[PDB]
Amino acid sequence: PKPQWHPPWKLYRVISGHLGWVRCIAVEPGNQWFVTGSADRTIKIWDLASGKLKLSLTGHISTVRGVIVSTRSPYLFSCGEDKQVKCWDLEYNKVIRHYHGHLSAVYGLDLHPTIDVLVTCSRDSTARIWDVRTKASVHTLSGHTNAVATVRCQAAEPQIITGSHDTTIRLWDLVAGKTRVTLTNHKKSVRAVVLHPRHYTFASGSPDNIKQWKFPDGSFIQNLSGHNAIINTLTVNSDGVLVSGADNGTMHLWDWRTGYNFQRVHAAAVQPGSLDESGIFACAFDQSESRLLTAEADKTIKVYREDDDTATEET
RNA sequence: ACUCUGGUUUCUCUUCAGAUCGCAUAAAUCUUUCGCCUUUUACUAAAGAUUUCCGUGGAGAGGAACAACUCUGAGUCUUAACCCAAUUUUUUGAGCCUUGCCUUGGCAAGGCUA
């Protein structure tokens, strides 16, 4: 019945100036600074508090495909097209340590909320689990026929998952040095993954359809449908809305507990004359969900806020 | 002056040493700056953080070798020649009477002495 009065989401600010398409995005836990991985081979750091930037990081051999912010230490985990995934120490204005064992480019990375480990989605299809602070590794995650698109993990029951290009979303149980289950729900390769604040159901998406699965035991949740396009990313916020970024430039906001999405957002972020098909590669919800960082292939990061209006239509 | 207490070198194991410098203390890795450079290992020389070698120090525990050598804190740690006490204690002077209070017993006060 579309309950809980889904509020409309609108724009906040526009940002540009990057030398290449923005592959990844991340934010500080205290909303002090922001960072984005880009196609320009240099790790981008943008402080968005006033609309400003943060710092220009260099030394990545290729475009950074992912980054993470460690809660315990000021070390941002780095992952890029150079197959070298290196957590960076920012305390000295220089890196922490460079992880090894990835046979090909790392498509993703993640950090465990409790134990210290490094997760990676490696285009070799290998999802790297690493005991990290010791310079150690942990275990290698295999079984995906194609490359791993995404990676997610949690300190709860062995929820581990790696989105795979093979159309079967992978589920790993890491605790035993093992796996969890094979998810056949997605009919095509799933390029989207999300973790809802409800924490009950793991979220995922694919260009064919979006697959939400209620876990731990192998249960599912719901099949999100109605957005047909290549799905670049899926991000679930605390208000109950999950924005879905696409390579075509259509970001569809999601009402979830209502069973269907909260918006269909079609907007043109296109930069100056070079445009082509470039869409929004990634997006991030803020801590208070007052704005949404928009990272697009046009090298434009646009935060999104709302005008505080009544609206609340239905269909 | 009596008695109970009762010691030195070496070899291992387990902890601690972001230490007043572990006195004349070596080497490696990475983020960069630089040197020369035809690519690499080596390599020129500065910063920072990550470390290993030769060491080395403190505490506790387990051994042997001369150990019967000596230390130890205390415990009541029992001695006669000769000259001396006018500010501290063994050569050093107190008592009586009267009144009031207290159940008396007793206490307080004043006076008397030679």
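Could you work out the local net charge near A:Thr167, counting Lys and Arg as +1, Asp and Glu as -1, over the other residues with Cβ closer than 10 Å to its Cβ?
It works out to a net charge of 0.
Of A:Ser73, A:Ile280, A:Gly163, whose Cα points farthest to the positive end of the dipole of chain A (charges on the beta-carbon: +1 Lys, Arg; -1 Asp, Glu; origin at the Cα centre)?
My answer, from the dipole projection, is A:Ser73.
Using square roots of five times the C-alpha gyration tensor eigenvalues, list the equivalent-ellipsoid semi-axes of segment A:7-102 in whole Å, biggest first.
23, 16, 12
Average the reciprocal distances over every distinct pair of alpha-carbons in chain A, invert the result, and give the Kirkwood radius in Å.
19.5
For segment A:139-247, state the semi-axes of the equivalent ellipsoid (square roots of 5 times the eigenvalues of the alpha-carbon gyration tensor), sorted largest first and rounded to whole angstrom.
Each semi-axis is √(5λ); the values are 21, 17, 11 Å.
What number, in percent, do you get for the relative contact order of segment A:185-244 if the mean sequence gap of Cα pairs under 8 Å and at least 6 apart is divided by its residue count?
RCO, segment A:185-244: 31 percent.
Fewest Cβ neighbours within 10 Å first, please rank A:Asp308, A:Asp247 accordingly.
The most exposed by this proxy come first: A:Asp308, A:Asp247.
Could you work out how much longer the chain between A:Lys178 and A:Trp5 gets when fully extended? Use 0.36 nm per residue separation minus the Cα distance between them, nm to one decimal.
Between A:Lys178 and A:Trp5, full extension yields 58.0 nm more.
Which residue, A:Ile230, A:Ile161, A:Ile115, tops the fluctuation ranking in a GNM of chain A built on C-alpha contacts under 10 Å?
Comparing A:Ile230, A:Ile161, A:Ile115 in the GNM, the peak value goes to A:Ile115.
Considering chain A as a Gaussian network with a 10 Å cut-off on Cα pairs, which listed residue, A:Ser122, A:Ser70, A:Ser189, attains the greatest mean-square fluctuation?
A:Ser70
For a footprinting-style exposure proxy, rank A:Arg198, A:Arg128 by other Cβ within 10 Å, fewest first.
Ordered from fewest to most neighbouring Cβ atoms within 10 Å, A:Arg198, A:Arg128 come out as A:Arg198, A:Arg128.
Which value in Å is the Kirkwood Rh of segment A:185-315 over different Cα pairs?
15.2
Per q in 0.13, 0.14 Å⁻¹, report the Debye log10 I(q)/I(0) for segment A:50-185, using one uniform scatterer on each alpha carbon and no solvent.
Once normalised to I(0) and log-transformed, intensities are -0.52, -0.60.
In square nanometres, what is one fourth of the surface area of the convex hull spanned by the alpha carbons of segment A:61-117?
For the Cα atoms of segment A:61-117, the hull's average projected area reads 3.8 nm².
Amide H of A:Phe77: which non-local residues (sequence gap of 5 or more, or other chain) have their own amide H closer than 5 Å, using H built in the peptide plane?
Here A:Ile68, A:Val69, A:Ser70, A:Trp88 satisfy the definition.
Coordinate-derived values only; no laboratory data. Here Cβ is always computed from backbone atoms with ideal geometry, including for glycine, and neighbour counts include all displayed protein chains.
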